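Protein chains in written order, with the UniProt record's numbering: chain A, 597 to 649; chain B, 817 to 1254. Following: one structure in structure tokens, then a few remarks.
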Amino acid sequence: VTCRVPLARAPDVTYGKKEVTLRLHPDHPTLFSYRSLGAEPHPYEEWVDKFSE
Amino acid sequence: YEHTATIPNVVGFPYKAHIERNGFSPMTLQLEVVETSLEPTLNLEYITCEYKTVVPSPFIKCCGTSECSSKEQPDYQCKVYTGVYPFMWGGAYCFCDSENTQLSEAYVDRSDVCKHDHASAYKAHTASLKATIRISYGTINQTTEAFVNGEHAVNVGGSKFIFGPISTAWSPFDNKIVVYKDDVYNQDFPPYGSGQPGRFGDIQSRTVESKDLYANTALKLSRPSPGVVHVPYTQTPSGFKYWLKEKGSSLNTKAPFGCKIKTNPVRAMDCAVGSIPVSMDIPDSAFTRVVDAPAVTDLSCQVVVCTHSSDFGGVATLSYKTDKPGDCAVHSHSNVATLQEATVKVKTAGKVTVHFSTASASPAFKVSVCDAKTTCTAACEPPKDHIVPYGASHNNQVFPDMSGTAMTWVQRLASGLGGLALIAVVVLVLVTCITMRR
């Protein structure tokens, strides 16, 4: 079957020199992750359940 | 007519190849990679899924004894407990107070939905890369799929293209791969026949339809408690149902070079690694004769503005003579700056504007409009916007030209110091000569 899942809020982007700052406002434990698109991705993974930057 | 190029293996980067076939007006081809798909050759090692533990009703023999037997069943356990006196709801089950036994028997089986919810453990090697390339030139504007090897020639409008062997051996898949539904995992799974209780592969099957099964789940029976009919046992919980929560996020969130991982078949899409040679055979119907082309002459270049930004941040005006209006191929003969357009309309107004992208403080690329050639020198300011939602349209060549300001200062300082050093040398040589004659 297909299960309906929510979409989290689009995070508030603000851009610094070689930095993206996100403000993350979850309703429920929400997986935040990122990686670099280079040869060394250094993947980050976090279940964000608190309103956090 | 053979020609060759080498396009970046960058999706949506519209590399432009310029062909200067001496009998014809030049042409620029645009070669944009629409997709790539790096697909490993997979050999299935085994299937893993949740186990089912079969625990039949206990064979309680009242007033008598029983004997266990070995059976050809995975992780099978069987023990006879002597001196049981079980009570059912209405009273003791046996009339004999201690002359009874319970045969406790349990064994492991493949779960009933392992047909549907299983993880397949693979060895992944010898990956083949297929790319989808968009070819456009003149009136032809077409998308084609080609295997990226020096062998698969593909037709486009009567041209033939060979997209030569990818200039790397890299692939994101390790030698051992676990595939599960939409996910892929780099995981050094244990060999078949070698899985351990409560870890991935605590039961293993060579195929889904295999009748045999390896199982090592640490199933142990223990004695029925005094007065109860229950077959009490202990077993390490299914290593697959542990894995399913221990997996973390799949290779799709961790692969280098921005690869996007997909299953059915297992492939890494749109990796940004290496470069793709191209061999191009172009028919005489694709070119235009030099008698028909415009005689673009006295071409000159001036740069209106330049930003070394990731978009086409530079603008140039090219000025020329021509005999007739027409279309010319236009190209930048230096990787320091990539043009946006492949062709430009030439008119008796005698000037036109061309847009380029560059990564250097002062590029000195050179451009052609048809057969004419000119050099463009720019002073390029940095961008102000720190971050952008799109990749660089330039080749990231950042070293400034020797005519640029930084290198002009370097040249002035170097020739000043070296000229003084050569003065000191000439003086010392003339002194040592004269004081040798003395």
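Every residue gets a Cβ at the ideal spot worked out from N, C-alpha and C, and that includes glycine.
For B/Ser1231, the enclosing alpha helix (DSSP H) begins and ends at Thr1221 to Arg1253. Counted as a single uninterrupted DSSP element, the alpha helix (DSSP H) harbouring B/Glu1062 occupies residues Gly1055 to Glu1062. For B/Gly973, the secondary structure class from DSSP, reduced to helix, strand or coil, is strand.
Interface annotation, B/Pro1081: not in contact with chain A, CB-CB separation never under 8 Å.
Listed along chain A, the residues sitting closer than 9 Å to B/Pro1072 by beta-carbon distance are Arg631, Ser632, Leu633, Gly634, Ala635, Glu636 and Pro637.
Cβ contact annotation for B/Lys1137 (same chain, cutoff 6 Å, sequence separation greater than five): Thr1113 and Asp1114, in chain order. Listed along the chain, the chain B residues whose CB falls inside 7 Å of the CB of A/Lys613 are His1202.
Counted as a single uninterrupted DSSP element, the beta strand (DSSP E) harbouring B/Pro1093 occupies residues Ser1091 to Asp1097. A residue is called buried when at least 16 other Cβ atoms come within 10 angstroms of its Cβ; B/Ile1203 does not meet this threshold and is exposed. B/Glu866 and B/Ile1098 have their C-alpha atoms spaced approximately 58 Å apart. As computed with DSSP, B/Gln918 is found in a beta bridge with B/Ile876 and B/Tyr897. One Cα belongs to B/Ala935, the other to B/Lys976, and the distance between them is close to 43 Å.
B/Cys1196 sits buried, since 16 or more C-beta atoms from the chains shown fall within 10 Å of its C-beta. Residue pairing by DSSP places B/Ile835 opposite B/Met843 in a beta bridge. Contact check between the stretch 909 to 927 of chain B and the stretch 872 to 892 of chain B: three or more CB pairs, one atom from each, fall below 8 Å, which counts as touching. Scanning the stretch 1127 to 1173 of chain B from its first residue to its last, the whole beta strand (DSSP E) runs of 3-plus residues come out as 1130 to 1137, 1142 to 1148, 1153 to 1155 and 1159 to 1162. When secondary structure is reduced to three states using DSSP, B/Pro1072 falls in the helix class. Closer than 8 Å to the CB of B/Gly1043 there is not a single CB belonging to chain A. Taking a Cβ-Cβ cut-off of 8 Å, the neighbours of A/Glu641 in chain B comprise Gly1064, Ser1065 and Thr1069, given in sequence order. Measuring C-alpha to C-alpha distances from B/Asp1127 to each of B/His1149, B/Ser1116, B/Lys887 and B/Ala1153 identifies B/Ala1153 as the nearest.
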